[PDB]
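J.: Provided herewith is a single structure, encoded as structure tokens, for subsequent inquiry.
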Amino acid sequence: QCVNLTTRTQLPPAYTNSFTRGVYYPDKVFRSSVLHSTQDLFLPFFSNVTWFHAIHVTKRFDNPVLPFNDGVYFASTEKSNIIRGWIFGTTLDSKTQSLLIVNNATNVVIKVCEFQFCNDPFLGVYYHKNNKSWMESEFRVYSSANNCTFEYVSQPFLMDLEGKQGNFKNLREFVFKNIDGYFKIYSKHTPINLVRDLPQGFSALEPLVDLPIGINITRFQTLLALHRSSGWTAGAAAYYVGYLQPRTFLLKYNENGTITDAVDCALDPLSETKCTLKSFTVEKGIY
Amino acid sequence: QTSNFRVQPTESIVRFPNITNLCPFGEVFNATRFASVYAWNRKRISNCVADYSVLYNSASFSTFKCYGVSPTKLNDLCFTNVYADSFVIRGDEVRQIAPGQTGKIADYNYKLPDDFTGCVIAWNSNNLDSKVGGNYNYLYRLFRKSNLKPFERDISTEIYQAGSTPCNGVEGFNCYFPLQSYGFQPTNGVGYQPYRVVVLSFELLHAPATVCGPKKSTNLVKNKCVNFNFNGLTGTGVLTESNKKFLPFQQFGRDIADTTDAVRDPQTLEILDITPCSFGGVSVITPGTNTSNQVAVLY
Ligand SMILES: *[C@@H]1O[C@H](CO)[C@@H](O[C@@H]2O[C@H](CO)[C@@H](O[C@@H]3O[C@H](CO)[C@@H](O)[C@H](O[C@H]4O[C@H](CO)[C@@H](O)[C@H](O)[C@@H]4O)[C@@H]3O)[C@H](O)[C@H]2NC(C)=O)[C@H](O)[C@H]1NC(C)=O
Ligand SMILES: *[C@@H]1O[C@H](CO)[C@@H](O[C@@H]2O[C@H](CO)[C@@H](O)[C@H](O)[C@H]2NC(C)=O)[C@H](O)[C@H]1NC(C)=O
Ligand SMILES: *[C@@H]1O[C@H](CO)[C@@H](O[C@@H]2O[C@H](CO)[C@@H](O)[C@H](O)[C@H]2NC(C)=O)[C@H](O)[C@H]1NC(C)=O
Ligand SMILES: *[C@@H]1O[C@H](CO)[C@@H](O)[C@H](O)[C@H]1NC(C)=O
Ligand SMILES: *[C@@H]1O[C@H](CO)[C@@H](O)[C@H](O)[C@H]1NC(C)=O
Ligand SMILES: *[C@@H]1O[C@H](CO)[C@@H](O)[C@H](O)[C@H]1NC(C)=O
Ligand SMILES: *[C@@H]1O[C@H](CO)[C@@H](O)[C@H](O)[C@H]1NC(C)=O
């Protein structure tokens, strides 16, 4: 069943700067104390990424449509995990194959079918009175499925769902790419207790799983949790989206096989010099 | 300096991933409830590595009928999708499963096109089929007014009218009637001895093609210059035990020279080592042929 939300506040999107974030292992090769350089799809250092706010204030909501470039970097700041899942496709009207990934209190679903999506897909969790528990009472993301190719159910995941207004408890970083009919997802989960201005430091994104699909993807749309207790209690969750470009990076593997540093070879000419000598320290002279 | 010296490999260990998970396709072949020829069954199965040597040596299959595809090479082939079916064909109509025929249900029910690989196999059915009295629930086509085409479905849930007489709930002399029943005669010849048949179709199209076949795995050897054929990697060397700590997802191992030197075991998840096996140059030492005729060899 398809519905829509009314009486919502609209706000312009903001911009924020990526402070050397978005590094992931491009290969499955172990290295020890090496300065290997590679040219792949990456997120350039020190650039705008757009910022959408899902604050409850008054009655503000956000769920826009963003085109899918060659790669997507999704950085969510969460306290009670309001954000749940994503949908990928071109038309999103059951006329073409489309992917849907959700991880709810029930079993995790990764399903590439034809779904008749609604104008405002969402998930609705009700705060019942007979027991003080939150259970999913509204599945209105799409109408129905017709005929499919690849459906997968992962292990069930249990996580408390509440509408809170506190500081973000954790950060979830995801990188989505689509090459050679393969959908590759790189995931990382980190703890922090900040409010904005994403922390410094380098955090490599380990790969999670690869999905063989082989479909066009030019548009993606995320979905939230619409709690019930008219009223929706959207919370104050935040998520950032960024796009990837072909860039050459210099990676420094430690003794354990874990990436600890990287240098973008498109920044100020000092970075170019560091990218030529294959070292992080350059002495005086002319190069 | 005289020549060079090299050590040849002996074994060809071919270790692959651990185990195939499952493929319930055999269950599709081996259930208890099935429809008739009127049901153009089409069961699509993908992302499943399935055993094929079982069908070549099974219990009561016998009538193995594949078309112009080599029988042996298809077990170790990898495709994108497979299709299934099940119904009763009444003995001699085994001839109708051919690449192009129109005499009978070869085109009436479960139409098969020409140049369609579709390995087909049937078996004798004397207890499930040819039952006592006759289970007339099964139906076969009367005339097939659908006028099918290669790879089409004949679904005629209505009745004929020739040119004059409507037959909408009225006994029409020219309106004929729906599909005739199935004469499961108790004990008779091939003309009254039904058979149950199943077809396995293949199609590649353009996809990642994650429907592969089973692969073997030989035991490993250590401390011996042998030929190794790990997943993707093919080479020669001596495999021993190392002490490097790998990440829970990395599989390969490289160095500054970008040459593979450590392989993770796909079965037991153990980190090995790679080293060339004792190549060198041989040289002789002589005190001068005038004084004596003795030599010493330096390796
Ligand atoms: C890939 O498939 C193989 C084949 O099934 C599988 O190997 C077997 O795994 C099971 C567990 O899944 C092993 O069972 C136990 O394994 C533990 C840990 O390896 C062993 O320590 C146990 O055996 C010990 O105790 C025995 C009795 O005291 C001793 O006789 C023995 O030597 C050990 O000390 C126990 O068997 C099973 O042993 C292995 N079999 C072999 C031949 O390795 C493997 O686990 C699968 N791997 C993956 C990643 O799927
Ligand atoms: C890299 O791996 C090594 C593995 O040895 C880690 O070394 C550990 O160091 C701490 C320091 O007190 C010891 O208590 C541990 O016992 C060591 N590990 C082992 C297995 O003995 C090291 O921490 C890892 N990380 C880095 C950055 O070197
Ligand atoms: C169909 O089901 C029958 C059950 O009677 C299977 O017959 C035996 O099944 C077991 C278990 O797989 C095998 O170990 C035996 O070898 C089978 N008997 C014979 C004579 O082969 C039969 O294998 C099943 N057919 C399938 C699974 O294709
Ligand atoms: C992001 O916004 C615009 C680009 O359109 C630019 O003026 C601004 O400087 C950018 N941000 C930073 C930190 O440079
Ligand atoms: C799948 O769904 C579409 C939409 O109705 C339909 O046109 C198509 O024939 C179906 N089957 C296949 C194999 O694509
Ligand atoms: C995906 O887009 C390419 C670009 O033209 C097209 O050639 C291909 O047919 C598309 N695949 C589909 C629609 O499955
Ligand atoms: C070999 O050595 C002896 C040592 O006395 C010498 O007399 C002789 O001439 C040598 N041979 C030749 C061919 O010079």
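Letters for chains follow the order of the structure tokens (A, B, ...), residue numbers begin at 1 for each chain, and ligand numbers begin at 1 in the order shown.
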List all protein, DNA and RNA residues that have any atom at most 10 Å from ligand 7, counting only C-alpha atoms and all ligand atoms, and write the list as a PyMOL selection string.
T.: chain B and resi 288-292
J.: If you count only C-alpha atoms and all ligand atoms, which residues end up within 8 Å of ligand 5, as a list in words?
T.: residues 94, 95, 96, 114, 146, 147 and 148 of chain A
J.: Neighbours of ligand 1 within 10 Å, counting only C-alpha atoms and all ligand atoms, as a tab-separated table (two decimals) with N, CA, C and O atoms, in the first residue's frame?
T.:
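part-v1.tsv written:
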```
chain	number	residue	atom	x	y	z
B	17	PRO	N	38.40	-24.31	-3.37
B	17	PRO	CA	37.52	-24.05	-2.22
B	17	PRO	C	36.95	-25.30	-1.58
B	17	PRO	O	37.02	-26.40	-2.14
B	18	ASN	N	36.35	-25.14	-0.40
B	18	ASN	CA	36.14	-26.27	0.50
B	18	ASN	C	35.08	-27.23	-0.02
B	18	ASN	O	35.38	-28.39	-0.31
B	19	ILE	N	33.84	-26.77	-0.12
B	19	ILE	CA	32.73	-27.69	-0.34
B	19	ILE	C	31.60	-26.96	-1.05
B	19	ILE	O	31.34	-25.78	-0.79
B	20	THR	N	30.94	-27.67	-1.96
B	20	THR	CA	29.70	-27.18	-2.55
B	20	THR	C	28.59	-27.23	-1.51
B	20	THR	O	28.49	-28.19	-0.74
B	265	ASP	N	45.46	-21.24	2.60
B	265	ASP	CA	44.81	-22.50	2.27
B	265	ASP	C	43.31	-22.28	2.13
B	265	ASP	O	42.67	-21.83	3.09
B	266	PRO	N	42.70	-22.59	0.98
B	266	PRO	CA	41.25	-22.42	0.84
B	266	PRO	C	40.44	-23.39	1.68
B	266	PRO	O	39.24	-23.16	1.87
B	267	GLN	N	41.04	-24.47	2.17
B	267	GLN	CA	40.33	-25.47	2.96
B	267	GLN	C	40.46	-25.23	4.46
B	267	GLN	O	39.46	-25.04	5.15
B	268	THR	N	41.69	-25.24	4.97
B	268	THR	CA	41.93	-25.13	6.41
B	268	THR	C	42.34	-23.73	6.85
B	268	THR	O	42.58	-23.53	8.04
B	269	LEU	N	42.43	-22.77	5.93
B	269	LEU	CA	42.79	-21.39	6.24
B	269	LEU	C	44.15	-21.32	6.95
B	269	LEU	O	44.27	-20.92	8.10
```
J.: With a cut-off of 6 Å and counting only C-alpha atoms, select all residues of chain A in contact with chain B and give the selection as an MDAnalysis selection string.
T.: chainID A and resid 28:31
J.: As a quick test: using only C-alpha atoms and all ligand atoms, which residues lie no more than 7 Å away from ligand 3? Give them as a PyMOL selection string.
T.: chain B and resi 26-27+29-30+58-59
J.: Determine which residues of range 91-125 of chain A receive a DSSP assignment of strand (DSSP E), computed from the backbone, and state them as a list in words.
T.: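 Strand (DSSP E) members of range 91-125 of chain A, listed: residues 98, 99, 100, 101, 102, 107, 108, 109, 110, 111, 112, 113, 115, 116, 117, 123, 124 and 125 of chain A.
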J.: The selected residues should be written to file as a PDB file, in the first residue's frame (atoms: N, CA, C and O atoms).
T.:
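Once everything was written out, this is part11.pdb:
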```pdb
ATOM      1  N   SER A  98      15.589  -3.741 -10.056  1.00  0.00           N
ATOM      2  CA  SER A  98      16.038  -2.821  -9.024  1.00  0.00           C
ATOM      3  C   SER A  98      16.404  -3.603  -7.772  1.00  0.00           C
ATOM      4  O   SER A  98      15.783  -4.623  -7.449  1.00  0.00           O
ATOM      5  N   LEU A  99      17.410  -3.099  -7.066  1.00  0.00           N
ATOM      6  CA  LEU A  99      17.933  -3.715  -5.856  1.00  0.00           C
ATOM      7  C   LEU A  99      17.333  -3.051  -4.625  1.00  0.00           C
ATOM      8  O   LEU A  99      17.058  -1.849  -4.621  1.00  0.00           O
ATOM      9  N   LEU A 100      17.160  -3.840  -3.568  1.00  0.00           N
ATOM     10  CA  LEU A 100      16.666  -3.334  -2.293  1.00  0.00           C
ATOM     11  C   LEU A 100      17.430  -4.033  -1.182  1.00  0.00           C
ATOM     12  O   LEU A 100      17.440  -5.267  -1.116  1.00  0.00           O
ATOM     13  N   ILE A 101      18.069  -3.252  -0.314  1.00  0.00           N
ATOM     14  CA  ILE A 101      18.851  -3.786   0.796  1.00  0.00           C
ATOM     15  C   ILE A 101      18.301  -3.199   2.086  1.00  0.00           C
ATOM     16  O   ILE A 101      18.263  -1.972   2.247  1.00  0.00           O
ATOM     17  N   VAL A 102      17.873  -4.067   3.001  1.00  0.00           N
ATOM     18  CA  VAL A 102      17.364  -3.641   4.301  1.00  0.00           C
ATOM     19  C   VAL A 102      17.886  -4.581   5.376  1.00  0.00           C
ATOM     20  O   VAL A 102      18.016  -5.789   5.152  1.00  0.00           O
ATOM     21  N   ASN A 107      14.802 -10.676   9.510  1.00  0.00           N
ATOM     22  CA  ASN A 107      15.949 -11.124   8.733  1.00  0.00           C
ATOM     23  C   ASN A 107      16.408 -10.055   7.745  1.00  0.00           C
ATOM     24  O   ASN A 107      15.605  -9.305   7.184  1.00  0.00           O
ATOM     25  N   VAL A 108      17.724  -9.996   7.533  1.00  0.00           N
ATOM     26  CA  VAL A 108      18.305  -9.042   6.593  1.00  0.00           C
ATOM     27  C   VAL A 108      17.989  -9.479   5.169  1.00  0.00           C
ATOM     28  O   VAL A 108      18.148 -10.653   4.814  1.00  0.00           O
ATOM     29  N   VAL A 109      17.545  -8.533   4.344  1.00  0.00           N
ATOM     30  CA  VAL A 109      17.072  -8.819   2.995  1.00  0.00           C
ATOM     31  C   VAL A 109      17.937  -8.072   1.991  1.00  0.00           C
ATOM     32  O   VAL A 109      18.136  -6.856   2.115  1.00  0.00           O
ATOM     33  N   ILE A 110      18.446  -8.800   0.999  1.00  0.00           N
ATOM     34  CA  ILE A 110      19.111  -8.229  -0.166  1.00  0.00           C
ATOM     35  C   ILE A 110      18.415  -8.829  -1.378  1.00  0.00           C
ATOM     36  O   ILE A 110      18.613 -10.010  -1.689  1.00  0.00           O
ATOM     37  N   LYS A 111      17.599  -8.033  -2.059  1.00  0.00           N
ATOM     38  CA  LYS A 111      16.615  -8.570  -2.989  1.00  0.00           C
ATOM     39  C   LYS A 111      16.621  -7.732  -4.256  1.00  0.00           C
ATOM     40  O   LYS A 111      16.336  -6.532  -4.205  1.00  0.00           O
ATOM     41  N   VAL A 112      16.953  -8.350  -5.390  1.00  0.00           N
ATOM     42  CA  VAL A 112      16.941  -7.627  -6.657  1.00  0.00           C
ATOM     43  C   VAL A 112      15.791  -8.104  -7.540  1.00  0.00           C
ATOM     44  O   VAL A 112      15.896  -9.101  -8.260  1.00  0.00           O
ATOM     45  N   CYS A 113      14.696  -7.347  -7.522  1.00  0.00           N
ATOM     46  CA  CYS A 113      13.464  -7.738  -8.198  1.00  0.00           C
ATOM     47  C   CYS A 113      12.875  -6.551  -8.938  1.00  0.00           C
ATOM     48  O   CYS A 113      13.562  -5.557  -9.179  1.00  0.00           O
ATOM     49  N   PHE A 115      10.025  -4.007  -8.103  1.00  0.00           N
ATOM     50  CA  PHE A 115       9.146  -3.516  -7.053  1.00  0.00           C
ATOM     51  C   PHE A 115       8.420  -2.268  -7.531  1.00  0.00           C
ATOM     52  O   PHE A 115       9.022  -1.386  -8.149  1.00  0.00           O
ATOM     53  N   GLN A 116       7.123  -2.199  -7.239  1.00  0.00           N
ATOM     54  CA  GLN A 116       6.336  -0.998  -7.513  1.00  0.00           C
ATOM     55  C   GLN A 116       6.477  -0.060  -6.318  1.00  0.00           C
ATOM     56  O   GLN A 116       5.647  -0.022  -5.408  1.00  0.00           O
ATOM     57  N   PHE A 117       7.563   0.707  -6.329  1.00  0.00           N
ATOM     58  CA  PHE A 117       7.852   1.613  -5.227  1.00  0.00           C
ATOM     59  C   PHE A 117       6.817   2.727  -5.153  1.00  0.00           C
ATOM     60  O   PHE A 117       6.219   3.123  -6.156  1.00  0.00           O
ATOM     61  N   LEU A 123       9.674   2.762   6.634  1.00  0.00           N
ATOM     62  CA  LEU A 123       9.406   1.667   7.554  1.00  0.00           C
ATOM     63  C   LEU A 123       8.810   2.245   8.829  1.00  0.00           C
ATOM     64  O   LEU A 123       9.338   3.219   9.375  1.00  0.00           O
ATOM     65  N   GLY A 124       7.716   1.651   9.301  1.00  0.00           N
ATOM     66  CA  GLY A 124       7.021   2.193  10.452  1.00  0.00           C
ATOM     67  C   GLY A 124       6.988   1.276  11.655  1.00  0.00           C
ATOM     68  O   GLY A 124       6.452   0.165  11.581  1.00  0.00           O
ATOM     69  N   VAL A 125       7.536   1.744  12.772  1.00  0.00           N
ATOM     70  CA  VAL A 125       7.612   0.983  14.013  1.00  0.00           C
ATOM     71  C   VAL A 125       6.679   1.630  15.027  1.00  0.00           C
ATOM     72  O   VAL A 125       6.749   2.843  15.258  1.00  0.00           O
TER      73      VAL A 125
END
```
J.: Could you list, as a list in words, all protein and nucleic acid residues with an atom at most 9 Å from ligand 2, counting only C-alpha atoms and all ligand atoms?
T.: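 Using only C-alpha atoms and all ligand atoms, I find these residues within 9 Å of ligand 2: residues 254, 255, 256, 257, 258 and 260 of chain A; 245 of chain B.
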J.: Rounded to one decimal in Å, what is the spacing between CA of residue 137 in chain A and CA of residue 173 in chain A?
T.: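 Between CA of residue 137 in chain A and CA of residue 173 in chain A the gap is 28.2 Å.
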J.: Counting only C-alpha atoms and all ligand atoms, name the residues that have an atom within 7 Å of an atom of ligand 4; the answer should be given as a PyMOL selection string.
T.: chain A and resi 15-17+47-48
J.: Would you kindly return, as a ChimeraX atom specification, each protein, DNA or RNA residue with an atom no farther than 6 Å from any atom of residue 175 in chain B, considering only C-alpha atoms and excluding same-chain residues fewer than 2 positions away?
T.: /B:160-161,167,172-173
J.: The selected residues should be written to file as a compact mmCIF listing (two decimals), in the first residue's frame (atoms: N, CA and C atoms).
T.:
```
# COMPACT_ATOMS: atom_id res chain seq x y z
N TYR B 160 -13.87 -24.38 -28.03
CA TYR B 160 -13.88 -24.01 -29.44
C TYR B 160 -15.30 -23.62 -29.88
N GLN B 161 -15.36 -22.83 -30.95
CA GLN B 161 -16.59 -22.57 -31.69
C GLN B 161 -16.21 -22.43 -33.15
N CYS B 167 -21.19 -21.52 -27.59
CA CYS B 167 -21.25 -22.62 -26.64
C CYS B 167 -21.01 -22.11 -25.23
N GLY B 172 -23.41 -27.25 -27.55
CA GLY B 172 -23.21 -26.92 -28.94
C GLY B 172 -22.69 -28.11 -29.71
N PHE B 173 -23.27 -28.33 -30.89
CA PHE B 173 -22.88 -29.47 -31.71
C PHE B 173 -21.49 -29.29 -32.30
```
J.: Hey, what's within 7 Å of residue 183 in chain A if we count only C-alpha atoms and toss same-chain stuff fewer than 3 positions away? As a list in words, please?
T.: residues 177, 178, 179, 210, 211, 212 and 213 of chain A
J.: Within 8 Å of ligand 6, counting only C-alpha atoms and all ligand atoms, which protein or nucleic acid residues do you find, written as a VMD selection string?
T.: chain A and resid 96 to 97 214 to 216
J.: Restricting it to N, CA and C atoms, dump the selection as a CSV table (one decimal), in the first residue's frame.
T.:
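Full text of result-v1.csv as output:
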```csv
chain,number,residue,atom,x,y,z
A,96,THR,N,11.7,-1.9,-14.4
A,96,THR,CA,13.1,-2.4,-14.6
A,96,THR,C,13.6,-3.0,-13.3
A,97,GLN,N,14.6,-3.8,-13.5
A,97,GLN,CA,15.2,-4.5,-12.3
A,97,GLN,C,15.8,-3.5,-11.4
A,214,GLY,N,24.4,-7.5,-12.3
A,214,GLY,CA,24.4,-7.1,-13.7
A,214,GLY,C,23.3,-6.3,-14.2
A,215,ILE,N,23.1,-5.1,-13.6
A,215,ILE,CA,22.0,-4.3,-14.0
A,215,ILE,C,22.5,-2.8,-14.0
A,216,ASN,N,21.8,-2.0,-14.8
A,216,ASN,CA,22.1,-0.5,-14.7
A,216,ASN,C,21.6,0.1,-13.4
```
J.: Which of range 39-273 of chain A counts as alpha helix (DSSP H) under DSSP, as number ranges by chain please?
T.: A: 269-273
J.: Output the selection as a PDB file, in the first residue's frame - C-alpha atoms for each residue.
T.:
```pdb
ATOM      1  CA  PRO A 269      52.578  19.935  -5.788  1.00  0.00           C
ATOM      2  CA  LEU A 270      54.217  18.704  -2.576  1.00  0.00           C
ATOM      3  CA  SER A 271      51.901  15.689  -2.742  1.00  0.00           C
ATOM      4  CA  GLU A 272      52.959  15.154  -6.358  1.00  0.00           C
ATOM      5  CA  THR A 273      56.601  15.147  -5.257  1.00  0.00           C
TER       6      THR A 273
END
```
J.: I'd like the neighbourhood of residue 56 in chain B as a compact mmCIF listing (two decimals) with N, CA, C and O atoms, in the first residue's frame, where a residue qualifies if any of its atoms comes within 12 Å (using only C-alpha atoms), though same-chain residues fewer than 4 positions away should be ignored.
T.:
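Writing the result to result.txt gives the following:
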```txt
# COMPACT_ATOMS: atom_id res chain seq x y z
N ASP B 51 25.77 -31.06 -8.91
CA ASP B 51 26.46 -32.27 -9.35
C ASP B 51 25.75 -32.85 -10.56
O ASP B 51 24.53 -33.02 -10.56
N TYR B 52 26.52 -33.16 -11.61
CA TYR B 52 25.97 -33.70 -12.84
C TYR B 52 26.34 -35.15 -13.11
O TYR B 52 25.63 -35.82 -13.87
N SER B 60 17.28 -45.40 -11.64
CA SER B 60 16.32 -45.88 -12.64
C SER B 60 16.03 -44.80 -13.68
O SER B 60 14.88 -44.54 -14.03
N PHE B 61 17.07 -44.15 -14.18
CA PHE B 61 16.88 -43.13 -15.21
C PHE B 61 16.97 -43.72 -16.62
O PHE B 61 16.03 -43.59 -17.41
N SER B 62 18.09 -44.36 -16.94
CA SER B 62 18.26 -45.12 -18.18
C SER B 62 18.18 -44.26 -19.44
O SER B 62 19.19 -44.05 -20.11
N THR B 63 16.99 -43.76 -19.78
CA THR B 63 16.79 -43.11 -21.07
C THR B 63 17.44 -41.73 -21.11
O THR B 63 16.74 -40.71 -21.18
N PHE B 64 18.77 -41.68 -21.09
CA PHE B 64 19.51 -40.43 -21.13
C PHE B 64 19.55 -39.92 -22.57
O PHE B 64 20.18 -40.54 -23.43
N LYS B 65 18.88 -38.80 -22.83
CA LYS B 65 18.76 -38.24 -24.17
C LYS B 65 19.21 -36.78 -24.15
O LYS B 65 18.44 -35.88 -23.81
N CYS B 66 20.47 -36.54 -24.52
CA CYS B 66 20.98 -35.19 -24.74
C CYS B 66 21.12 -34.93 -26.23
O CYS B 66 21.37 -35.85 -27.02
N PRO B 71 28.50 -35.01 -23.97
CA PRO B 71 28.00 -35.43 -22.66
C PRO B 71 28.98 -35.15 -21.53
O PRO B 71 28.58 -34.75 -20.44
N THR B 72 30.27 -35.36 -21.79
CA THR B 72 31.24 -35.30 -20.70
C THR B 72 31.61 -33.87 -20.31
O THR B 72 31.81 -33.59 -19.13
N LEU B 74 30.04 -31.14 -20.05
CA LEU B 74 29.04 -30.27 -19.44
C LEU B 74 29.02 -30.35 -17.92
O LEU B 74 28.43 -29.47 -17.28
N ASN B 75 29.63 -31.37 -17.32
CA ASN B 75 29.65 -31.46 -15.87
C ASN B 75 30.52 -30.37 -15.25
O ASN B 75 30.18 -29.81 -14.20
N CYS B 119 18.71 -31.07 -22.43
CA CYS B 119 18.83 -32.49 -22.16
C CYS B 119 17.58 -33.03 -21.49
O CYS B 119 17.09 -32.46 -20.51
N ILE B 121 15.37 -36.56 -20.14
CA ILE B 121 15.53 -37.92 -19.64
C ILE B 121 14.23 -38.37 -18.99
O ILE B 121 13.60 -37.61 -18.25
```
J.: Check the smallest atom-to-atom distance from each of B:147, B:277, B:11, B:101 to residue 226 in chain B using only C-alpha atoms, then report the winner.
T.: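 Closest to residue 226 in chain B of all the choices is B:11.
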J.: Skip residue 83 in chain B itself and residues of its chain fewer than 6 positions away, then list as a compact mmCIF listing (two decimals) with C-alpha atoms, in the first residue's frame all residues within 8 Å of it, counting only C-alpha atoms.
T.:
```
# COMPACT_ATOMS: atom_id res chain seq x y z
CA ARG B 42 9.25 -23.90 -16.11
CA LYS B 43 11.32 -23.93 -12.91
CA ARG B 44 14.20 -21.44 -13.00
CA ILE B 45 17.16 -22.20 -10.72
CA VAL B 199 14.15 -31.72 -19.18
CA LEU B 200 17.13 -29.61 -18.08
CA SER B 201 17.61 -26.49 -20.21
CA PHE B 202 20.61 -24.16 -20.36
```
J.: Show me, as a PyMOL selection string, the residues that have an atom within 10 Å of residue 23 in chain A when counting only C-alpha atoms, minus same-chain residues fewer than 3 positions from it.
T.: chain A and resi 20+26+42-44+175+186+202-206+249+251+259-262
J.: For the residues in the current selection, export C-alpha atoms as a PDB file, in the first residue's frame.
T.:
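The file below, again37.pdb, is the result:
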```
ATOM      1  CA  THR A  20      41.053  12.379   4.536  1.00  0.00           C
ATOM      2  CA  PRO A  26      41.257  -2.224  -3.374  1.00  0.00           C
ATOM      3  CA  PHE A  42      38.513   6.981  -4.805  1.00  0.00           C
ATOM      4  CA  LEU A  43      37.116   9.926  -2.878  1.00  0.00           C
ATOM      5  CA  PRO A  44      39.401  12.957  -3.315  1.00  0.00           C
ATOM      6  CA  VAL A 175      31.251   2.479  -0.128  1.00  0.00           C
ATOM      7  CA  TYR A 186      32.808  -1.872   1.744  1.00  0.00           C
ATOM      8  CA  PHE A 202      42.552   7.225   8.628  1.00  0.00           C
ATOM      9  CA  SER A 203      40.099   4.313   8.796  1.00  0.00           C
ATOM     10  CA  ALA A 204      40.406   1.629   6.128  1.00  0.00           C
ATOM     11  CA  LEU A 205      37.097   0.184   4.918  1.00  0.00           C
ATOM     12  CA  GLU A 206      37.241  -3.603   4.754  1.00  0.00           C
ATOM     13  CA  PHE A 249      46.742   7.080  -4.463  1.00  0.00           C
ATOM     14  CA  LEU A 251      49.084   3.540   0.206  1.00  0.00           C
ATOM     15  CA  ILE A 259      46.522   0.379   5.774  1.00  0.00           C
ATOM     16  CA  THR A 260      47.686   3.201   8.042  1.00  0.00           C
ATOM     17  CA  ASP A 261      48.309   6.152   5.702  1.00  0.00           C
ATOM     18  CA  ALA A 262      47.617   7.431   2.204  1.00  0.00           C
TER      19      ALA A 262
END
```
J.: Quick one: of A:230, A:6, A:103, A:131, who's nearest to residue 119 in chain A, counting only C-alpha atoms?
T.: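 Of all the options, A:6 lies closest to residue 119 in chain A.
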J.: For residue 124 in chain B, which of B:138, B:110, B:195, B:151 is the closest residue, counting only C-alpha atoms?
T.: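 Using only C-alpha atoms, residue 124 in chain B sits closest to B:195.
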